[PDB]
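These protein sequence lines map, in sequence, to chains E, N and I.
Here the first sequence is numbered in the deposited numbering, starting from 1 and rising by one per residue.
Here the second sequence is numbered in the deposited numbering, starting from 391 and rising by one per residue.
Here the third sequence is numbered in the deposited numbering, starting from 1 and rising by one per residue.
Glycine included, C-beta positions come from ideal geometry on N, C-alpha and C.
Since the structure comes first, as structure tokens, the remarks are kept for the end.
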Amino acid sequence: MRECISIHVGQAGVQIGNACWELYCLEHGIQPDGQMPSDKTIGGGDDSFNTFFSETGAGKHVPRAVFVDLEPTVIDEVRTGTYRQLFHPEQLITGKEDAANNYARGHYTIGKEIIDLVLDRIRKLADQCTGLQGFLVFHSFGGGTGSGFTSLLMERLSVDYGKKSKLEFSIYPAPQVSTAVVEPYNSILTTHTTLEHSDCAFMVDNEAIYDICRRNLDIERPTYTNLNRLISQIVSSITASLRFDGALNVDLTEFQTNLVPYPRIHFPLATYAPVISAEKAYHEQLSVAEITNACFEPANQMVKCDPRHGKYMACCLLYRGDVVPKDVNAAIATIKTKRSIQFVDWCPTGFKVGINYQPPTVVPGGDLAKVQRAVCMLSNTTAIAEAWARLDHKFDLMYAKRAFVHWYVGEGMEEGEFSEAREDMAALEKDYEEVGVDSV
Amino acid sequence: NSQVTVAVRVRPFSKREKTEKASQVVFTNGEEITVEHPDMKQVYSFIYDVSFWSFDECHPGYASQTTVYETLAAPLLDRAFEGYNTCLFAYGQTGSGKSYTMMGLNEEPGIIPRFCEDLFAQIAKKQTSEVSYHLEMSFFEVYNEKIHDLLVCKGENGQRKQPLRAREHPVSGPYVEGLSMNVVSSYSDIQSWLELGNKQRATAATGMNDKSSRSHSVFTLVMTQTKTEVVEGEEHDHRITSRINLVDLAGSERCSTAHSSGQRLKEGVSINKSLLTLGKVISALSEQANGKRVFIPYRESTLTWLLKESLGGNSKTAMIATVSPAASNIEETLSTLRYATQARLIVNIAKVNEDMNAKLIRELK
Amino acid sequence: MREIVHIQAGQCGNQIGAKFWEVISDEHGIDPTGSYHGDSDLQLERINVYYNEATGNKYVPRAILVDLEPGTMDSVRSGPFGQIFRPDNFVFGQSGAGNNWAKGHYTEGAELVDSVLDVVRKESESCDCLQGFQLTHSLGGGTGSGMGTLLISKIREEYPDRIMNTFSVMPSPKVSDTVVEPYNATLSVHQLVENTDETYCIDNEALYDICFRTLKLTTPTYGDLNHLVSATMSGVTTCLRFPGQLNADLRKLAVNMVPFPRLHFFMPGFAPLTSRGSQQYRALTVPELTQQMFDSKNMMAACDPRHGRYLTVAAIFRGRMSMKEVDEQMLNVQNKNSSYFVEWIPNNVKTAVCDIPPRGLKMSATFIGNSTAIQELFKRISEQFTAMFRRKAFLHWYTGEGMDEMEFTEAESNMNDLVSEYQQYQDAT
Ligand SMILES: CC(=O)O[C@H]1C(=O)[C@@]2(C)[C@H]([C@H](OC(=O)c3ccccc3)[C@]3(O)C[C@H](OC(=O)[C@H](O)[C@@H](NC(=O)c4ccccc4)c4ccccc4)C(C)=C1C3(C)C)[C@]1(OC(C)=O)CO[C@@H]1C[C@@H]2O
Ligand SMILES: Nc1nc2c(ncn2[C@@H]2O[C@H](COP(=O)(O)OP(=O)(O)OP(=O)(O)O)[C@@H](O)[C@H]2O)c(=O)[nH]1
Ligand SMILES: Nc1ncnc2c1ncn2[C@@H]1O[C@H](COP(=O)(O)OP(=O)(O)NP(=O)(O)O)[C@@H](O)[C@H]1O
Ligand SMILES: Nc1nc2c(ncn2[C@@H]2O[C@H](COP(=O)(O)OP(=O)(O)O)[C@@H](O)[C@H]2O)c(=O)[nH]1
Ligand SMILES: [Mg+2]
């Protein structure tokens, strides 16, 4: 059976893990105590689909996930919370301090003494798999553990495993909003190191979801328990092809090909069109044509980046529910007739389609509505350079005076590792420039 | 009024590298220096105020030891005898040739011996019945932001690294409390003291070498000129002093590739920090010389605080960064180059010089 | 796994500490018998930070009181919460400092600190993982400044990786309490600058105005003023004890607040404070906290940020809150008041939001600021200093105890250098 490993790192990933497994457990029919009475009443089945949940003899289904951190104060909401009887007690959480918004502290200093234990429990879950498809890493630029440890771990996995797809779901640092004065340093050092190892790193910006939650869902005072259910839907729309039956099923290796032309431009953006409240769930048709055009609407992009300042190199669409292909080809034709959507000349196709039959569910206590169709658009745009440059300029301003550097050197880091990283960040911005230029 | 003279020296291959046919990655175009990766992906360009291309004995402008001395160090003696303080910093990773340049062999001397002997010669020439000169010397080290002396005998103990303190005399600026100072009359005495001290300088067999320096060494010469002038009486006591400082810095070294725990890690951290503060002070000094209003953070590190009176003011600073041309040392090379740079790194990409023979484009034109 | 050693030096620390343990015990539900009478289970999950355990499920604080005048230490034992402290940690001597920095640093402190450090090593090695230290003392006197900074220098060499968070009552501009505050303070700053990571400057004049202008108190005593400092000391170390959405330890503040090593002096604050009557008129929302926090009158430092620029600030929130409402508001403060912020730091603010509010409140907030307005303290002391040292006004009570004219000048220059180190960023750029 086809399987995927879900690695969760730092506070930003763990709190998304709780939101993803709240959703996976609901769709298949699992209670928080690991049980699935459906097979007790039916007489067995693969409904507890083995891609994400492994099975024991007592009927308990354990998730294929690992929940790393350096703070105890985050995991201990899990070991004491609703889902304590689901996860293996091996959660790999360090009885020491955090990284204190420091790459050098998460990469080397207090990233070692832990990494070997993390890399074994990953090995144990992989030896239990009869054909592994890839990894799914959840972290956030801005911290030490989501920057450092994720750059330490992805290096070791490129050695031992090598050929398996290693995907990232990352919280891009926003331009105006931010919870740390040293997000840029921890972000530009990360891309220097992951860019050679990861294969496709989907990016989201917390600021865009804050706006998406205001315009559409009408939530003026959101929390992180509202952003992350909406992120949990992106991951499910990706991993649905491995779990449920469908007409066109897009595995992991197919995202890695259609969306990544050259090895260094694997930074696409995600979104989800039918963000509709219960009240506005009526008064809407919610057709493929209405849902599909909205994925290109800049307001509904989950990264603050106007696509109209750039060009699309590749775009993958993942439909769900009562979706008929003829309605999709009509849509993709309607998008190529427009002129605010300018593609590259070297990708006249541009598009990919995936269709499933299992509609999305509704996590109770939430805000999203019961819609019968859904879309997840994964786009590779040249616009995202404007975000790279905005971060680099923040880096060059406060690095010239060597502000906040001694906290990095004090954990083991050379001054030239900034500059080297800076050069790496100044290249990539030329590659996104060159590839977007029209050929002769 | 001041200005930092930055010089970069690219050594030649060694016999071992010539045997292994280690490739070349550092090139020259007159004054500019470049690094072209073996992967043919990026071309980094550096400019420095002075370059010393000791790669091939045949090329015009091959930097001899005398050329290096007469270009970088000797004007410091002119300013010293003029009555102004001087500092020469030496930086370079092990295997670059940081000692060959400074101290040198028995046959091909370096900056230290040429400097000291020329000093003695100029003194012997200027010595008369009216003017006299007096030379004192000291030799201390810095280790984990603590001071130690290099010219005492280790007592009968498991260790006698007796630390000392720094203090700010309101007039003479900062100084080191309890440091021994000795008088000198010849390079024999200077060489004897230095050869004693460099056995006590902290060194350990890291991964990169059997003997890599883990302390910042400071070698100070205080030169006092006693002259006389008519005061309607006994001409007496017109006194001038000048301080020469020769600093040997330690190498940076990252601790993420060079796995290293414990005392080695603490040493590397302190080295990295001191070098960072040194770079900040140097850039602040450059901006001050170019005329901006600048605050120089002398106090964020012991070396800067002790050398305050010999970098700022009407004082003359020089830095010599040593690099290797081989490809295996390329990370260290790029790091040292970036560190020695003061204005900006230049970057391009080019693979278009190979014009298939004899500049094909000419006949195309 | 993140434990703190509390140290209390002098008459200003030992009376704050007495209130500090009278505010944490009431949070974690501990009574003065050391026993637990709480309601939730969160109060005990991270009790290992400040308190240790004992036989009968009793909890003994990790406090180390130090002094040279027993009169203060004996006042604590007789107080309401005195009977929980470990009696072997009541370290004292005799022959008080006499408001002389020398006596508390050079003569009587040296003959006492070795007994103090034994208690520290005895507590530090009983901890699984040590975050840092927490000293509550006062400049202007002898014990807190002398014996405090002597103890800092020793712990920093012996425990160099760990944090030394300091809460310090600075001298006031108008109304002194000791005639030789400039001497006893300038020497203390010479030690704190080198040997600290984060120092919280408190000034009693600012606390009297907060008590009179906002709290509308007519007869405020020192126990009330300290009820404002005990609040900030807790808000800082909240996200170690209680869980939240975005957590922040002490180190996570220092990295985001100390851009250069020497500029670790902070202006604290606390929200929301109000009168016993005016609480029926003020809705507690996230915006109302943020305005009160950035208000010059609500800062405990006796300076005014509006004569300078914020280099970097911090807002440790406590309660159920919308993260958008926090991030929007901290953004709005910068884009409106950009002149009071630094251009070469793109965002001068961070955030931390905990989910367990205080004993009787829906939401609270702590504010920590690093501003160029803090130079007016050191420039003011540097003026009082040189006017006195130039004619040697009170100097013979120090030289007779093992000092010289040289150490006084070192204290002036490091302080006057730090002042200029702040002004460079205060100006146009
Ligand atoms: C029942 C009730 O709502 O009365 C309030 C009250 O009227 C006000 C005035 C309280 C009251 O504040 C004061 O009276 C006061 C006087 C001098 C100095 C400081 C405070 C109160 O004491 C404050 C006290 O709040 C707390 O108890 C916090 O938990 C506070 N408690 C203690 O520290 C404490 C001190 C001694 C003994 C036991 C507990 C706290 C603050 C920070 C961290 C932990 C705890 C409460 C609810 C009130 C009173 C009692 C009137 C407020 O207190 C604070 C910290 O702001 C002022 O605004 C809050 C809430 C109210 O406005
Ligand atoms: N989308 C989302 N982002 C979060 C959440 N919690 C924290 N973050 C993000 O995390 C970033 C700050 O860095 P952290 O993720 O806390 O750093 P870390 O990976 O946890 O490493 P440490 O901070 O040392 O524990 C900010 O950009 C936050 O937006 C969350 O629940 N959802
Ligand atoms: N300019 C030069 N021209 C020719 N040969 C040189 C030059 N500089 C250095 N060398 C050679 O390279 C060696 C480097 O110096 P040596 O002290 O032997 O090793 P080292 O690694 O440079 N010591 P260190 O730099 O302190 O780590 C010299 O001994 C010479 O043999
Ligand atoms: N805030 C506050 N300050 C105090 C208290 N007691 C003393 N002080 C301050 O302490 C200073 C005097 O220092 P002192 O404590 O006598 O020094 P010590 O004798 O060495 O401990 C004055 O500035 C007082 O304002 C108190 O209970 N609260
Ligand atoms: Mg954390």
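Could you tell me the alpha carbon to alpha carbon distance between residue i and residue j, rounded to whole angstroms?
{"i": "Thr518 of chain N", "j": "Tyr577 of chain N", "result": "21 Å"}
{"i": "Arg391 of chain I", "j": "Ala185 of chain I", "result": "18 Å"}
{"i": "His8 of chain E", "j": "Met203 of chain E", "result": "15 Å"}
{"i": "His107 of chain E", "j": "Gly146 of chain E", "result": "10 Å"}
{"i": "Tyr399 of chain E", "j": "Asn347 of chain I", "result": "14 Å"}
I'd like to check one pair, residue j with residue i: are the Cβ atoms closer than 8 Å?
{"i": "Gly142 of chain I", "j": "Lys103 of chain I", "result": "yes"}
{"i": "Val684 of chain N", "j": "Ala674 of chain N", "result": "yes"}
{"i": "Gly369 of chain I", "j": "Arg318 of chain I", "result": "no"}
{"i": "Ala126 of chain E", "j": "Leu119 of chain E", "result": "no"}
{"i": "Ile265 of chain E", "j": "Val137 of chain E", "result": "no"}
{"i": "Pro184 of chain E", "j": "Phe395 of chain E", "result": "yes"}
{"i": "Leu252 of chain E", "j": "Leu167 of chain E", "result": "yes"}
Give the residues of chain I in contact with residue i, contact being defined as C-beta atoms less than 9 Å apart.
{"i": "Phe685 of chain N", "result": "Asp417, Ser420, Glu421, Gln423, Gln424"}
{"i": "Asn186 of chain E", "result": "Near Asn186 of chain E there are no residues of chain I at all, since even the closest Cβ is about 10 Å away, more than 9 Å."}
Are any of the Cβ atoms in chain E nearer than 8 Å to that of residue i?
{"i": "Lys379 of chain I", "result": "no"}
{"i": "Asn738 of chain N", "result": "no"}
{"i": "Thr351 of chain I", "result": "yes"}
Grouping DSSP H, G and I as helix and E and B as strand, with all else coil, what is residue i?
{"i": "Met1 of chain I", "result": "coil"}
{"i": "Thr166 of chain I", "result": "strand"}
{"i": "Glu625 of chain N", "result": "coil"}
{"i": "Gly104 of chain I", "result": "helix"}
{"i": "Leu167 of chain E", "result": "strand"}
{"i": "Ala421 of chain E", "result": "helix"}
{"i": "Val684 of chain N", "result": "coil"}
{"i": "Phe85 of chain I", "result": "coil"}
{"i": "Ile152 of chain I", "result": "helix"}
{"i": "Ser145 of chain I", "result": "helix"}
{"i": "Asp404 of chain I", "result": "coil"}
Strictly under 8 Å for the Cβ-Cβ distance: is residue i near chain I by that measure?
{"i": "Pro560 of chain N", "result": "yes"}
{"i": "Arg734 of chain N", "result": "no"}
{"i": "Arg401 of chain N", "result": "no"}
Could you confirm whether any beta carbon from chain N is found closer than 8 Å to the beta carbon of residue i?
{"i": "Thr409 of chain I", "result": "yes"}
{"i": "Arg402 of chain E", "result": "yes"}
{"i": "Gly410 of chain E", "result": "yes"}
{"i": "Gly143 of chain E", "result": "no"}
{"i": "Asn414 of chain I", "result": "yes"}
{"i": "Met413 of chain E", "result": "yes"}
So which residues of chain I does residue i contact, with C-beta pairs closer than 8 Å?
{"i": "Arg591 of chain N", "result": "Within 8 Å Cβ-Cβ: nothing; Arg591 of chain N doesn't reach chain I, min ~23 Å."}
Against residue i, what residues of chain N qualify as contacts under a CB-to-CB distance less than 8 Å, listed in chain order?
{"i": "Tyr108 of chain E", "result": "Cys645, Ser646"}
{"i": "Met267 of chain I", "result": "Within 8 Å Cβ-Cβ: nothing; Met267 of chain I doesn't reach chain N, min ~22 Å."}
Along chain N, which residues have their Cβ under 7 Å away from the Cβ of residue i?
{"i": "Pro261 of chain I", "result": "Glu690"}
Anything in chain E within Cβ reach of residue i, meaning under 8 Å, just list it in chain order.
{"i": "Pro305 of chain I", "result": "Under the 8 Å cutoff, chain E gives no residues; its nearest Cβ is about 17 Å from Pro305 of chain I."}
{"i": "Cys12 of chain I", "result": "In chain order: nothing, as chain E lies at least about 30 Å away."}
{"i": "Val255 of chain I", "result": "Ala100, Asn101, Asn102, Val182, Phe404, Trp407"}
Can you name the residues of chain I whose CB is closer than 7 Å to the CB of residue i?
{"i": "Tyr224 of chain E", "result": "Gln245, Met323"}
Starting from residue i, find everything on chain E with Cβ-Cβ shorter than 7 Å and list it in chain order.
{"i": "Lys252 of chain I", "result": "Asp98, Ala100, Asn101"}
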